[PDB]
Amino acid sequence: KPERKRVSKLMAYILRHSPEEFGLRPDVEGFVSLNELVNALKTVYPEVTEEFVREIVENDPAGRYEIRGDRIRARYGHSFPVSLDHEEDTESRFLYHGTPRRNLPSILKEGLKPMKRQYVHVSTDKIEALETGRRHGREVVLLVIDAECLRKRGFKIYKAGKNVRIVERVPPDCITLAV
């Protein structure tokens, strides 16, 4: 529903990108006070309550958020450094990243890089990978990433969302296919 969606979009923006511009100071792990997040959200959507934020967190289908005690964080997507959980994805054999075709000259030479984020974000889900690439351009390619290649190279893959995984970078040898 549009109420849930518009408050969640604002939560993700505050918690991933501009907490300080709403007066919040994330701790090392990226958590802000839940009460303080609620007041920040209410500067935009005055109907928001803590109970509604708790409902958004628990019902989020991607696993975007985490509440711990009286604090809340985004679980990935940040454009500032945070220490996240190191729940390691050891089971996935391939992972996916969608990107505009125009990026293949750089990506296939340099690998995937975190760009303005802290981590490279990949997915266990091809459609969601492609839909993320579509945010950046109409002509997108599906990158297929060999998870064992990454692990062997010392790049741990972490369970950030239900489908989202994070990794420090993806060297080009680990990009097996671009479709």
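Note that residue numbering begins at 1 and tracks the sequence as displayed.
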Mean Cα B factor from the PDB record: higher for 145 to 153, or higher for 123 to 131? 145 to 153
Read off the CA B-factors in the entry, average them over 101 to 109 and over 78 to 86, and name the higher stretch. 78 to 86
Which one, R117, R64, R54, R138, has the peak C-alpha temperature factor per the PDB entry? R138
Sort the modelled residues of this chain by their C-alpha B factor and say whether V7 lands in the lowest, middle or highest third. lowest
For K162, does the deposited CA B-factor place it in the lowest, middle or highest third of the chain? middle
Just say lowest, middle or highest third for the CA B-factor of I14 relative to the other modelled residues in its chain. middle
Would you please rank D60 by its C-alpha temperature factor against the other modelled residues of its chain and give the third it falls in: lowest, middle or highest? lowest
